[PDB]
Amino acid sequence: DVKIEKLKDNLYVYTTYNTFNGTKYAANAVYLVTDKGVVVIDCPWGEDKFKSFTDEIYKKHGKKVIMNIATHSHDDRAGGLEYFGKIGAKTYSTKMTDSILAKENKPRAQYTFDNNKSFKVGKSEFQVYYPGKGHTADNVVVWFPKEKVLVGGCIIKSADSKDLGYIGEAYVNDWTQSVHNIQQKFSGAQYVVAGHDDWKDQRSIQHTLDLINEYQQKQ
């Protein structure tokens, strides 16, 4: 199942679901429809959902995916690099993410960049920004200036998150500064999209900071 909702103009938020030990988690990402084709950020959470996802893209827009950008090495972000490459899309990731994928023997992106990069596709513009370590050492966010949408990915927890989620590769002591960096640089954001679960509640950044503090206080 893939849920797709228009967020602003040609920018859409898509959500897929993956159940872990009785807890049904949602993974949120976005895709942009341009005159040159569709740009997909991250990927459906689960390989058995890739075809269903692009099938929905065709049903709704009758267009082709020409680019895929992974915001970190995990399955819900970089899991589709092989698939999107196979169907003709130009794939990207940061060099740090590439190093992690290589180490884990996971498919890698065709092109890599040094943490930050500004993109221009058709008449659309967006930028990938590295705020520092948090959920992982390589996590990046994507900013769409025209739509005023900040795709936070997993460094941003949903306002209803019970805990920080998977922290086996996290840097909790650096996470607060990284989130403060995002907040300061994209202060005028109309929409901030958390990587998991409910993203609509815009207190997501506040709750994230709350969860980090809670974790640290408990030592």
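A residue's number is simply how far along the shown sequence it sits, counting from 1.
For this session: Could you check which stretch, 117-125 or 71-79, carries the larger mean CA temperature factor in the entry?
Result: Of 71-79 and 117-125, the stretch with the higher C-alpha B-factor average is 117-125.
For this session: Pick between 43-51 and 147-155: the one whose mean CA B-factor in the entry is higher.
Result: So the stretch with the higher mean C-alpha B-factor is 43-51.
For this session: Tell me, please, which of 26, 189, 32, 57 has the highest C-alpha B factor according to the deposited entry?
Result: Among 26, 189, 32, 57, the highest C-alpha B-factor in the entry belongs to 189.
For this session: Comparing against every modelled residue in the chain, figure out the third that the C-alpha B-factor of residue 12 lands in (lowest, middle or highest).
Result: Within its chain, residue 12 is a middle-third residue by C-alpha B-factor, going by the deposited values.
For this session: Relative to the other modelled residues of the same chain, rank the CA B-factor of residue 162 and answer lowest, middle or highest third.
Result: Tercile = highest for this residue's CA B-factor.
For this session: Relative to the other modelled residues of the same chain, rank the CA B-factor of residue 110 and answer lowest, middle or highest third.
Result: For residue 110, the deposited C-alpha B-factor lands in the lowest third.
Exercise. For residue 135, does the deposited CA B-factor place it in the lowest, middle or highest third of the chain?
Worked result: As the PDB entry reports it, the C-alpha B-factor of residue 135 lands in the lowest third of its chain.
Exercise. By its CA B factor, does residue 185 count among the lowest, middle or highest third of the modelled residues in the chain?
Worked result: It falls in the middle third of the chain.
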